[PDB]
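Novice: The structure that follows is given in the form of structure tokens.
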Amino acid sequence: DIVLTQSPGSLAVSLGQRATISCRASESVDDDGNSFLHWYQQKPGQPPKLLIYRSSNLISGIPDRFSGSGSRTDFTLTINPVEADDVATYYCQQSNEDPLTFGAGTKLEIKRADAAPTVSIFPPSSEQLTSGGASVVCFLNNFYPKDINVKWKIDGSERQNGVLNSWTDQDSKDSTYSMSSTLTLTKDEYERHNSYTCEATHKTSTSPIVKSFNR
Amino acid sequence: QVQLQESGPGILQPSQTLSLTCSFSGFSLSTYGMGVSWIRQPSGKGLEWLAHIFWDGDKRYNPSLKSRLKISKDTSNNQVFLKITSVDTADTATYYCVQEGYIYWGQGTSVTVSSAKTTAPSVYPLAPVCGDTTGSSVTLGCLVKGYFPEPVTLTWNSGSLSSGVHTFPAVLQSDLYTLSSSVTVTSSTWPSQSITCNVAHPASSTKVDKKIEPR
């Protein structure tokens, strides 16, 4: 099983710099001469767009700035200049020996200024509570870099059960992320607690951003 | 000019058999060296190779999966077939039909294995609790929860509110999906202007419009 070890896992780059992603095979992917390592670009919601096949062959229509290099174990894709478009995930696949294996992915994201999350917290609508459930939702918005961690405390304890997180992809306009976290309780737990807290921890702040309320 | 079209069921209950089909035009499976692969990409994870049938009838399978797979060709109809028995939830993925295992990728076809039935969603307003702040921008939200199957269509003010909106991807919590959207406008805008969450769940033929009203 030719494991592939793609790296870096993430690449932050700006419009213009050369991007270089590397894929690394366990063993040779060449039948000596042909190198069966192919590179795929996948934007969110797209099917895999094959870019370059058998090491260095640009598909008919891939903008030439995509170069493919390598041989036997070590291989490289070099996007250069990185354009707005090229933000997507890049995969590499060997097909020299079944089973066919794929590299784990490298997501290339456009770099921008650090921005810290606008956090907003929302108690349950009346409607839900009439229906017998309580969801408390916290939206952490418009922030760069992607790395954030949210923690819910109900009357000062860390509740980490019943929590659903969801992230958007990098925004085309300001190149920021956002995520949403929803804590779901029955109506009954909800009513025997007073303060709900949504606490976020992002590179921009020393120590946490917290939003909270009392019923 | 190599058209590859995968056709399959949509939703299928656990433990059934998944029968997929691939229709190719543009090559022939009798070309020396030819063969067609099925690769699947489970929700959000990366690509997984399933099988490959060769020009010469030699079939190769994924080790892990072997026990459940059966590829087939029918060259007079230009169809490669795949069958997976005893589907379980992990098989929700998008299945792709691929020439030579990498060079021409079909479109994909999503199969979804669930035991849930069509459940129309609950749409709940998410209003703030108050203190005019954050650039004196307010963030308002919409929670759409517990529906099956995907998708729903959330717009704000019938597609007129478009900057500030962040619809987050749906996640599964107990065989049913939950989604939320946040819209951030300035203090001049709400509640002076009405803002409405419009959810449409085509599969149960439901359209719901909730107006976000101060709490």
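Note that we place each Cβ from the backbone using ideal geometry, even for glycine, and neighbour counts take in every protein chain shown. Every number here is computed from the coordinates shown, using simple stated rules; none is lab data.
Novice: Is there a residue being crowded, with 17+ Cβ neighbours inside 10 Å, in contact (Cβ under 8 Å) with a residue 12 or more places away in the chain, more than 10 Å from chain B (Cβ to nearest Cβ) and within 16 Å of the chain's Cα centre (by Cα) anywhere in the stretch A:151-161?
Specialist: No, there is no match, as no residue in the stretch A:151-161 is crowded, with 17+ Cβ neighbours inside 10 Å, in contact (Cβ under 8 Å) with a residue 12 or more places away in the chain, more than 10 Å from chain B (Cβ to nearest Cβ) and within 16 Å of the chain's Cα centre (by Cα).
Novice: Additional query: Does B:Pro169 satisfy the condition of being in contact (Cβ under 8 Å) with a residue 12 or more places away in the chain and either surrounded by fewer than 16 Cβ atoms within 10 Å (Cβ to Cβ) or within 19 Å of A:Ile121 (Cα to Cα) (or both)?
Specialist: Judged against the criteria, B:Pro169 is not a match.
Novice: Can you tell me which of (1) outside any loop (DSSP other than H, G, I, E, B); (2) buried (at least 16 other Cβ atoms within 10 Å of the Cβ); (3) among the small types (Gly, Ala, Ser); (4) more than 9 Å from every other protein chain (Cβ to nearest Cβ) is the one B:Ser37 doesn't meet?
Specialist: Exception for B:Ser37: condition (4).
Novice: Name every residue in the stretch B:110-126 that is surrounded by fewer than 19 Cβ atoms within 10 Å (Cβ to Cβ) and either touching a residue at least 40 places away in the same chain (Cβ under 8 Å) or aromatic (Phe, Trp, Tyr) (or both), in order of residue number.
Specialist: B:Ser110, B:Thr112, B:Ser114, B:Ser115, B:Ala116, B:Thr118, B:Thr119, B:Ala120
Novice: Let me spell it out: the conditions are (1) within 14 Å of chain B (Cβ to nearest Cβ); (2) touching a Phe, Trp or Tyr at 6+ places or on another chain (Cβ under 6 Å); (3) assigned to a strand (DSSP E or B), and A:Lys107 meets all of them except one. Which number is the exception?
Specialist: If we test A:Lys107 against (1) within 14 Å of chain B (Cβ to nearest Cβ); (2) touching a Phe, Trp or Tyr at 6+ places or on another chain (Cβ under 6 Å); (3) assigned to a strand (DSSP E or B), just (2) comes out false.
Novice: Sticking with this one: Six or more apart or on different chains, Cβ under 9 Å: which pairs go from a residue in the stretch B:130-146 that's in contact (Cβ under 8 Å) with a residue 40 or more places away in the chain and under 12 Å from B:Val185 (Cα atoms) to one that's part of a loop (DSSP other than H, G, I, E, B) and among the charged types (D, E, K, R)? Could you list them?
Specialist: As it stands, the answer is B:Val138/B:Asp132, since those pairs meet every condition given.
Novice: Which residue is nearest to the other protein chains (Cβ to nearest Cβ), if the candidates are limited to the stretch A:36-58 and must be surrounded by fewer than 18 Cβ atoms within 10 Å (Cβ to Cβ) and under 24 Å from B:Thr109 (Cβ atoms)?
Specialist: Filtering the stretch A:36-58 for residues that are surrounded by fewer than 18 Cβ atoms within 10 Å (Cβ to Cβ) and under 24 Å from B:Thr109 (Cβ atoms), the one nearest to the other protein chains (Cβ to nearest Cβ) comes out as A:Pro47.
Novice: Within the stretch B:17-29, can you find the residues that are loosely packed, with under 15 Cβ neighbours inside 10 Å and more than 14 Å from B:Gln79 (Cβ to Cβ)?
Specialist: Within the stretch B:17-29, just B:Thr17 meets the criteria.
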